[PDB]
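Protein sequences, first through last, are from chains K and L. FYI, in the authors' numbering the residues of the first sequence are 103 to 154. FYI, in the authors' numbering the residues of the second sequence are 11 to 50. See structure below.
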Amino acid sequence: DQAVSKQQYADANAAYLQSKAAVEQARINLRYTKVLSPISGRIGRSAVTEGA
Amino acid sequence: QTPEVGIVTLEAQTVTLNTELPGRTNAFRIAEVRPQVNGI
Numbered sequence: 103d104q105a106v107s108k109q110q111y112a113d114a115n116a117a118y119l120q121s122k123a124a125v126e127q128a129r130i131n132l133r134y135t136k137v138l139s140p141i142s143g144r145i146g147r148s149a150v151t152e153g154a
Numbered sequence: 011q012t013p014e015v016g017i018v019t020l021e022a023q024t025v026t027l028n029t030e031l032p033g034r035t036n037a038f039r040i041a042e043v044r045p046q047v048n049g050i
């Protein structure tokens, strides 16, 4: 009903998309905390153990 | 005088094949306390 301007709707939508990018940054950083194997095959032995 | 020869017979039996390999002993969980801050 245009009770709020399109300018301060585009600003709020830009803030929403920018904050969603800044939270998917932390989501892929939590994806980097756990270690995902990049390719498949015979894994060898652990060079560092639990706690190192 | 015929040639007299010591003669043994062969019999089939099981046999195991062990080996011996050298190597060190690494621990199960060997941590190492590196610090994560700056100070004395």
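Here a beta-carbon is modelled for each residue, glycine too, at the ideal position from N, C-alpha and C.
Between the Cα of residue i and the Cα atoms of the options, which residue gives the shortest distance?
i	options	result
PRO45 of chain L	K:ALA154, K:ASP103 and K:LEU119	K:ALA154
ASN36 of chain L	K:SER148, K:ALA116 and K:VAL125	K:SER148
Within a Cβ cutoff of 7 Å, which residues of the same chain sit near residue i, ignoring the five residues on either side of it in sequence?
i	result
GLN104 of chain K	none
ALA117 of chain K	none
Thinking residue i and residue j are a contact (beta carbons under 8 Å), I'd like their distance in whole angstroms, please.
i	j	result
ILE40 of chain L	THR135 of chain K	22 Å between Cβ atoms; not a contact.
Please list, in chain order, all residues of the same chain as residue i whose beta carbon is under 8 Å from its beta carbon, the five residues on each side excluded.
i	result
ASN131 of chain K	none
Going along the chain, which residues of its own chain have a beta-carbon closer than 6 Å to the beta-carbon of residue i, five neighbours each way excluded?
i	result
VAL25 of chain L	none
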